[PDB]
């Protein structure tokens, strides 16, 4: 067995500098690694704004980091991947690798308030594109790297609620299964039935931390200090708590072999503000 942990502090897919610290802090908080560790080279945020590049903010650097993530994976030819992001787009190369290795026996359990199936026609921040790209849909600079696109029947989106009209149509068109926060709480029966009926032997788990209720976990986008009610376009916000997500992941991993785990979209507002405070205070560091 050969696991690889990828520290992937990508922040450009969500155009939000604090993802970088969020990935480094996630890495610091994590248990000791079981196998190999690599960090994907990501330029630190400098305050210079990213620009839209043919409909995608930061297109060029995202393609570079996607290429470098794949190179680091190939270097270790791992059978399992833990990805410490970073915005949701960090899962593209890791889950593409797992699709090449495990093919139609892989299922993708996408734990997110949102389905991440938009394209640059709908949204300029690429962290909303990644699950669609794993199906081979969307912007070809990204889908060209996906050699074994996942069937929509081998996806389960858990924690999703109140989807946008585009997203509900996409989910409906492609027959993609979902599992609401309510059904996660009541035992995640759709996830168990899906693993059995779609013969999911290997499992890639993506945890977008914004599946979590921001009232109880305050290091996600929707817990940004000083926010107003409509600051995020009234898109869906998290309704699960950490024990719900842990239980769901362990339920699914008990009836299939977990080979992927991504933790994405950590936005540690307190740690960021504390880091900046210490930099600005007298004496310390000076």
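Numbering follows the first chain given and starts at 1.
Per the PDB record, of the two stretches 231-239 and 59-67, 231-239 carries the greater mean B-factor over its C-alpha atoms. Checked against the record, the higher mean CA B factor of 166-174 and 150-158 lies with 166-174. Taking the deposited Cα B-factors for 194, 123, 142, 110, the highest one is held by 123.
Residue-level inspection of the entry shows that, of 87, 182, 198, 116, 182 has the top Cα B-factor. The entry lists a Cα temperature factor for residue 265 that places it in the lowest third of the chain's modelled residues. In this PDB entry, the Cα temperature factor of residue 208 sits in the bottom third of its chain's modelled residues, the lowest group. In the PDB entry, residue 250 places in the lowest third of its chain by CA B-factor. Ranked by C-alpha B-factor against the other modelled residues of its chain, residue 216 falls in the highest third.
For residue 187, the recorded CA B-factor ranks within the highest third of the chain. Only modelled residues enter the ranking.
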